[PDB]
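K.L.:
Take a look at structure20.cif, mmCIF, C-alpha atoms and all ligand atoms:
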```
data_start
#
loop_
_atom_site.label_atom_id
_atom_site.label_comp_id
_atom_site.auth_asym_id
_atom_site.auth_seq_id
_atom_site.Cartn_x
_atom_site.Cartn_y
_atom_site.Cartn_z
CA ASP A 32 -151.19 4.29 -90.78
CA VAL A 33 -148.28 2.13 -91.97
CA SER A 34 -145.52 3.29 -94.31
CA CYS A 35 -143.65 1.24 -96.91
CA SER A 36 -140.01 1.00 -95.83
CA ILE A 37 -138.96 0.65 -99.48
CA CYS A 38 -140.30 3.91 -100.92
CA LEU A 39 -141.15 5.58 -97.56
CA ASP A 40 -144.71 6.32 -98.74
CA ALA A 41 -147.86 5.43 -96.85
CA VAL A 42 -149.40 2.04 -97.55
CA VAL A 43 -153.16 2.63 -97.89
CA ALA A 44 -155.71 -0.20 -97.66
CA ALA A 45 -158.44 1.63 -99.61
CA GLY A 46 -159.12 0.53 -103.16
CA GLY A 47 -158.45 3.43 -105.47
CA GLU A 48 -154.71 3.92 -105.51
CA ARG A 49 -151.72 1.50 -105.32
CA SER A 50 -151.82 -2.24 -104.74
CA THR A 51 -150.59 -3.46 -101.38
CA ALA A 52 -149.06 -6.54 -99.79
CA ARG A 53 -148.92 -7.91 -96.26
CA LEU A 54 -146.13 -10.35 -95.53
CA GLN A 55 -146.60 -13.37 -93.32
CA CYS A 56 -144.46 -11.58 -90.72
CA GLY A 57 -146.96 -8.69 -90.62
CA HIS A 58 -144.92 -6.02 -92.41
CA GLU A 59 -146.69 -4.17 -95.19
CA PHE A 60 -145.55 -2.72 -98.49
CA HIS A 61 -146.80 -1.52 -101.81
CA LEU A 62 -147.10 -4.49 -104.15
CA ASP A 63 -144.65 -3.21 -106.78
CA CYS A 64 -142.09 -2.23 -104.12
CA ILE A 65 -141.94 -5.60 -102.37
CA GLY A 66 -142.37 -7.58 -105.60
CA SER A 67 -139.39 -5.84 -107.17
CA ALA A 68 -137.41 -6.47 -103.98
CA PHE A 69 -138.24 -10.19 -104.03
CA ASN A 70 -137.31 -10.29 -107.74
CA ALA A 71 -133.88 -8.77 -107.10
CA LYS A 72 -133.09 -11.41 -104.47
CA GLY A 73 -135.05 -14.39 -105.79
CA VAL A 74 -136.50 -15.18 -102.35
CA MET A 75 -139.39 -13.80 -100.31
CA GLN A 76 -137.23 -12.06 -97.70
CA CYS A 77 -138.82 -9.26 -95.71
CA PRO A 78 -136.55 -6.18 -95.96
CA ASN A 79 -137.58 -5.15 -92.42
CA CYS A 80 -137.18 -8.25 -90.23
CA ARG A 81 -135.15 -10.29 -92.77
CA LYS A 82 -137.46 -13.28 -92.25
CA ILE A 83 -137.71 -15.45 -95.37
CA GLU A 84 -141.09 -16.95 -96.23
CA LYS A 85 -140.92 -20.37 -97.90
CA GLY A 86 -143.42 -19.58 -100.64
CA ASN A 87 -143.30 -20.28 -104.37
CA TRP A 88 -141.90 -17.08 -105.88
CA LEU A 89 -141.60 -17.77 -109.61
CA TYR A 90 -140.40 -15.59 -112.45
CA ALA A 91 -142.68 -17.14 -115.10
CA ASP B 32 -164.29 -16.19 -97.35
CA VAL B 33 -161.94 -14.79 -100.01
CA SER B 34 -160.50 -17.18 -102.58
CA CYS B 35 -157.38 -16.69 -104.70
CA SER B 36 -158.45 -17.26 -108.30
CA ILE B 37 -154.95 -18.49 -109.18
CA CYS B 38 -154.53 -21.40 -106.74
CA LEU B 39 -158.14 -21.54 -105.39
CA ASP B 40 -157.09 -21.63 -101.71
CA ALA B 41 -158.39 -19.14 -99.17
CA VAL B 42 -156.72 -15.74 -98.86
CA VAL B 43 -156.29 -15.18 -95.11
CA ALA B 44 -154.65 -11.79 -94.56
CA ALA B 45 -155.05 -11.69 -90.76
CA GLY B 46 -152.81 -14.63 -90.00
CA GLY B 47 -149.24 -15.90 -89.84
CA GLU B 48 -150.28 -17.79 -92.97
CA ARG B 49 -149.19 -17.12 -96.55
CA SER B 50 -148.37 -13.54 -97.52
CA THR B 51 -151.23 -11.76 -99.28
CA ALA B 52 -151.84 -8.98 -101.81
CA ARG B 53 -154.77 -6.68 -102.52
CA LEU B 54 -154.74 -5.14 -105.98
CA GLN B 55 -155.88 -1.58 -106.59
CA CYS B 56 -159.07 -2.98 -108.17
CA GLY B 57 -159.98 -4.75 -104.93
CA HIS B 58 -159.14 -8.31 -105.88
CA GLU B 59 -157.12 -10.38 -103.44
CA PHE B 60 -154.48 -13.06 -103.97
CA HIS B 61 -151.62 -14.79 -102.29
CA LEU B 62 -148.48 -12.73 -102.84
CA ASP B 63 -146.55 -15.53 -104.50
CA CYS B 64 -149.53 -16.37 -106.71
CA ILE B 65 -149.96 -12.84 -108.01
CA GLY B 66 -146.24 -12.04 -107.96
CA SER B 67 -145.47 -14.99 -110.22
CA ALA B 68 -148.34 -14.04 -112.54
CA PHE B 69 -147.11 -10.46 -112.94
CA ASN B 70 -143.58 -11.80 -113.44
CA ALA B 71 -144.68 -13.86 -116.43
CA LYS B 72 -145.97 -10.76 -118.24
CA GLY B 73 -144.13 -7.75 -116.83
CA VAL B 74 -147.49 -6.03 -116.29
CA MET B 75 -149.57 -5.49 -113.13
CA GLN B 76 -152.78 -6.74 -114.74
CA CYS B 77 -155.49 -8.24 -112.54
CA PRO B 78 -156.34 -11.73 -113.88
CA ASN B 79 -159.89 -11.44 -112.49
CA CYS B 80 -161.01 -8.13 -114.01
CA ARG B 81 -158.14 -7.42 -116.45
CA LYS B 82 -157.55 -3.89 -115.12
CA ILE B 83 -153.92 -2.75 -115.43
CA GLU B 84 -152.17 -0.83 -112.67
CA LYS B 85 -149.46 1.55 -113.88
CA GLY B 86 -146.93 0.63 -111.21
CA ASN B 87 -143.20 -0.05 -111.41
CA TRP B 88 -142.88 -3.84 -111.64
CA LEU B 89 -139.14 -4.43 -111.85
CA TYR B 90 -137.10 -7.62 -112.06
CA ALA B 91 -133.90 -6.28 -110.49
ZN ZN C 101 -143.50 1.37 -101.41
ZN ZN C 102 -141.02 -8.19 -91.62
ZN ZN C 103 -153.13 -18.29 -104.45
ZN ZN C 104 -159.27 -7.03 -110.40
#
```
Let me see whether you can do it: turn the structure in this file into structure tokens.
Ligand SMILES: [Zn+2]
Ligand SMILES: [Zn+2]
Ligand SMILES: [Zn+2]
Ligand SMILES: [Zn+2]

P.N.:
Amino acid sequence: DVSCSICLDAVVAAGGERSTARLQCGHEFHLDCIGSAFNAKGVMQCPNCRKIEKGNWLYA
Amino acid sequence: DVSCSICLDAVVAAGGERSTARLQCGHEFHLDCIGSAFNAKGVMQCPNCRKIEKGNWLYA
């Protein structure tokens, strides 16, 4: 089981509960946790390994 | 095969490829695709089935 380093809750792959994300570096998060973190910084930086993915993170 | 309805490219979770997301409804996207979509509306609404997840989608 993997835990989200942002909220410290378990990230669960099953359907029912909270949406999830898996970064290109392999670290996993809840979708709203990592999305809010990307929004605060404006880049897709992993809060764990600090790697920055060169995606297209847009606000609108 | 899993296709992202937003950009129509394959969603490949198990790879050093683009980051991916799985919504609570089961639908899968690229993280930047679905992140940018949620950012336009402020709501975690699946564009495929229109279900709304009551998460905390923050901009800062
Ligand atoms: Zn979390
Ligand atoms: Zn990482
Ligand atoms: Zn996409
Ligand atoms: Zn859906």

K.L.:
Please, which residues of chain B lie no more than 6 Å from chain A when the count uses only C-alpha atoms, and can they be set out as a PDB file with C-alpha atoms, in the frame of the given file?

P.N.:
```pdb
ATOM      1  CA  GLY B  47    -149.240 -15.900 -89.840  1.00  0.00           C
ATOM      2  CA  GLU B  48    -150.280 -17.790 -92.970  1.00  0.00           C
ATOM      3  CA  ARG B  49    -149.190 -17.120 -96.550  1.00  0.00           C
ATOM      4  CA  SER B  50    -148.370 -13.540 -97.520  1.00  0.00           C
ATOM      5  CA  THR B  51    -151.230 -11.760 -99.280  1.00  0.00           C
ATOM      6  CA  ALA B  52    -151.840  -8.980-101.810  1.00  0.00           C
ATOM      7  CA  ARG B  53    -154.770  -6.680-102.520  1.00  0.00           C
ATOM      8  CA  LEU B  54    -154.740  -5.140-105.980  1.00  0.00           C
ATOM      9  CA  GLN B  55    -155.880  -1.580-106.590  1.00  0.00           C
ATOM     10  CA  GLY B  57    -159.980  -4.750-104.930  1.00  0.00           C
ATOM     11  CA  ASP B  63    -146.550 -15.530-104.500  1.00  0.00           C
ATOM     12  CA  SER B  67    -145.470 -14.990-110.220  1.00  0.00           C
ATOM     13  CA  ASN B  70    -143.580 -11.800-113.440  1.00  0.00           C
ATOM     14  CA  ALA B  71    -144.680 -13.860-116.430  1.00  0.00           C
ATOM     15  CA  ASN B  87    -143.200  -0.050-111.410  1.00  0.00           C
ATOM     16  CA  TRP B  88    -142.880  -3.840-111.640  1.00  0.00           C
ATOM     17  CA  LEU B  89    -139.140  -4.430-111.850  1.00  0.00           C
ATOM     18  CA  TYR B  90    -137.100  -7.620-112.060  1.00  0.00           C
ATOM     19  CA  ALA B  91    -133.900  -6.280-110.490  1.00  0.00           C
TER      20      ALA B  91
END
```

K.L.:
For chain A fitted to chain B over all Cα atoms in order, what RMSD does a least-squares superposition give?

P.N.:
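Computed on C-alpha atoms only, the RMSD stands at 0.6 Å.
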
K.L.:
Between CA of residue 42 in chain A and CA of residue 77 in chain A, what is the spacing in Å?

P.N.:
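These atoms are spaced 15.6 Å apart.
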
K.L.:
What does the structure give for the distance between CA of residue 35 in chain B and CA of residue 82 in chain B, in Å to one decimal?

P.N.:
16.5 Å

K.L.:
Nearest to ligand ZN 104 (chain C): which of B:83, B:33, B:41, B:74 is it, counting all atoms listed in the file?

P.N.:
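The shortest atom-to-atom distance to ligand ZN 104 (chain C) comes from B:83.
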
K.L.:
Take CA of residue 78 in chain B and CA of residue 43 in chain B and report the distance between them in Å, one decimal.

P.N.:
19.1 Å

K.L.:
Taking all atoms of range 65-79 of chain B that appear in the file, build a box with edges along x, y and z, extend it by 3 Å on every side, and state its centre and edge lengths in Å to one decimal, as lines of an AutoDock Vina configuration file.

P.N.:
```
center_x = -151.7
center_y = -10.2
center_z = -113.1
size_x = 22.3
size_y = 15.5
size_z = 16.3
```
